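Below you will find one chain, with nothing else, as structure tokens; this is the form deposited in one PDB entry, and questions on how it binds or moves follow later.
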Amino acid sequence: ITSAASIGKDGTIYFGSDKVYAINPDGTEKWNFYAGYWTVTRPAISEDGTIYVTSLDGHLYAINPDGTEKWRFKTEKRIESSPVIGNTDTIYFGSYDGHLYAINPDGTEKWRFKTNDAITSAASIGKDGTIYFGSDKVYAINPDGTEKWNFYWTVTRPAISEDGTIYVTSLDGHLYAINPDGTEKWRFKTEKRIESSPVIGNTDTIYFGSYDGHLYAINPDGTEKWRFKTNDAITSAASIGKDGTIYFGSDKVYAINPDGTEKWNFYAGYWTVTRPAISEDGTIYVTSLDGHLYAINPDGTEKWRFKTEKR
């Protein structure tokens, strides 16, 4: 209904709801773009500033930085993954019946890769352009569209460290560290349902939430670092600030120090809040289901709010 925010190179904050919104860092609206009946994906931003969203009307929209339509790609099947931008401006997303599409930056289809079952989480891209996504297996696809390897359900998105290690959280509570050649490096068992994608923070620590309200911090050697208990569910991914603070949403926006203690928490309404986005200056942006975009100072005070047109 309302996407999380994505931050452009000039600090512009984009999010999707009834429209795609471009918000200047002072909280003033730069432009809004009508992408069909409704926007359904978190906007993805190319290195040249193109903004990509999927619409309820069945199209992938490419939007220029000035808020004008660049092109549309009609998706055959219902798209279940948000667009992901490859290393050379290729756009990847997945369909409900297991098709991974690669779209050239000019709106033409590059290739499609069929898997057995639905692709409901986003892909992640390695340094050499490899495309990793989960499903029944974890798949690694070469940029040319041929399969590299697969690794033995997951409803989350792979996180990739600087050395190429791939981290995946499975629904039954494993965190797998996978080597780039597709062999298991280690697994860590939580025995808890996990519906949140991992994120790699300070000194390659891996963080993820459990449904029952624990934020886990795992060292890159496969050993537990700490937990942090909320008394609400965690079903979304966390984000790391430049000073290592870990930000996630539950009943509130939490800010957690790298040592596992709470720094602050911010109340952003009665609705579910989305994954926090962090700008270079430390500002934290969160959206709520009812079309509010919050800008939060790193000390936890509200900078400004923005409200959508239809909400």
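For the two forms, the rigid core is made up of the largest set of C-alpha atoms that agree within 1.5 Å on superposition. Residue numbers here begin at 1 and follow the sequence given.
What follows is about the form deposited in another entry, which we do not show.
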Once the two forms are fit on the core, has residue 262 moved its CA by at least 2 Å between the shown form and the other one?
no
Does the distance between the two CA positions of residue 11 reach 2 Å or more between the shown form and the other one, the core being superposed?
yes
Rigid core superposed: residue 252 CA moves 2 Å or more between the shown form and the other one
no
